[PDB]
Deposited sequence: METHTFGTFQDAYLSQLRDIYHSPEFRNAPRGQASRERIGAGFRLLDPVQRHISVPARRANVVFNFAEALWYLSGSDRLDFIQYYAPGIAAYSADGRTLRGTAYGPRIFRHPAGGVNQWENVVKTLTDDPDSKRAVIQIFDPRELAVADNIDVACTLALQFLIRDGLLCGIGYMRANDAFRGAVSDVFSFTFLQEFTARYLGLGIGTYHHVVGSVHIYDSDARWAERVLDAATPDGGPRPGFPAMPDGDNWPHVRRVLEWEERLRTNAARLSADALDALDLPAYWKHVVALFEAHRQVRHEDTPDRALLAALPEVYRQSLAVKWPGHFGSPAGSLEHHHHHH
């Protein structure tokens, strides 16, 4: 169960569940194909994107979720802008609970703990440590009846092995067709972010899940993906927190349509090239959401991003 890139693992697991499900059932009323205790190992976790056109993977959403996690926010307004359906998991219409990993990572409700800093500290004092774990799940989620937003991730673990930072995601449940695309993106994004911060190379990523499933309502789309390569760029070395802070300021201005960035204004930004392309994704997305003129911007993006935009919004960027 070793794969070079996420895409190979993603398609192989999809084929497995679809053609040889262990179980067919309906947890919480939702008809599913299911396999129990499934995982994979990725040799190259930076290659985290799905580029199969039939899947229409949304790289803007992918970065938005990961940056939303890094922001530490539980606010619905940030993330529902990139995925409007996510408001169905908000009980109050302005925050999320188990969907919001950001608070779980940087200020966990069990103690207010910043687990990322404790992980950095643990691995600095003892590079070989087996303890560098970020707990996501909380014992009180199941204690409230009728909880509509229970975290699907149990924990993330980091290890330094031979100068490379390895990551492990443990989940109780995972949608193999939908959620897995976002989750592995964000977990290997955090893995890489942490590796640059520690001045390390990138090792393997292990994903392991209690219930992996495909909803029957997704079977047709899953089939077309099964019926149906530029590289993902490397995040720059060192501490990327200042750049994330700047990117997050632009995220909010573009999202609220308080600002627009021409192609020349994007290139003038005080940001490494990798993060300039992320802000460009948010300006492109602003054009869609606020119905501005599609833009030149496209030409300066890495090919992976251009393809994702072309396939997701073909009337805008095709």
Without any C-alpha position in the structure, which residue ranges of the deposited sequence would you list, numbering from 1? 1-3, 232-238, 306, 330-342
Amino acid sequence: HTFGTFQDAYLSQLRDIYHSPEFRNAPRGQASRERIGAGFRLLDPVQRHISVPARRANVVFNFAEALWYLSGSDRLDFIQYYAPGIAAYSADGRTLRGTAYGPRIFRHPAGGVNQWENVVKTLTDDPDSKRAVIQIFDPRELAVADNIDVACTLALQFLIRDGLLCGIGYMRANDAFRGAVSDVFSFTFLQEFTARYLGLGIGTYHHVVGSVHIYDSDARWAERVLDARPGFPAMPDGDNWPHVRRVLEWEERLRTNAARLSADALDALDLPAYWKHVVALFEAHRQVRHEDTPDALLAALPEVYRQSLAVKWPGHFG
From here on, numbers count along this sequence of modelled residues.
State whether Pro230, though modelled here, is left unmodelled in a third or more of the other entries compared. yes
Return whichever of 87-95 and 102-110 has the greater mean Cα B factor according to the PDB record. 87-95
Residue range whose averaged C-alpha B-factor is higher in the record, 250-258 or 65-73: 250-258
Based on the PDB entry, the highest CA temperature factor among the options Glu192, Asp138, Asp183, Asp216 is that of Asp216
Ranked against its chain, the third holding the CA B-factor of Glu22: middle
Just say lowest, middle or highest third for the CA B-factor of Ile36 relative to the other modelled residues in its chain. lowest
Among the chain's modelled residues, which third holds the C-alpha B-factor of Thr188? lowest
When the modelled residues of the chain are sorted by Cα temperature factor, does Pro242 land in the lowest, middle or highest third? highest
On the chain's distribution of Cα B-factors, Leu298 falls within the third called highest
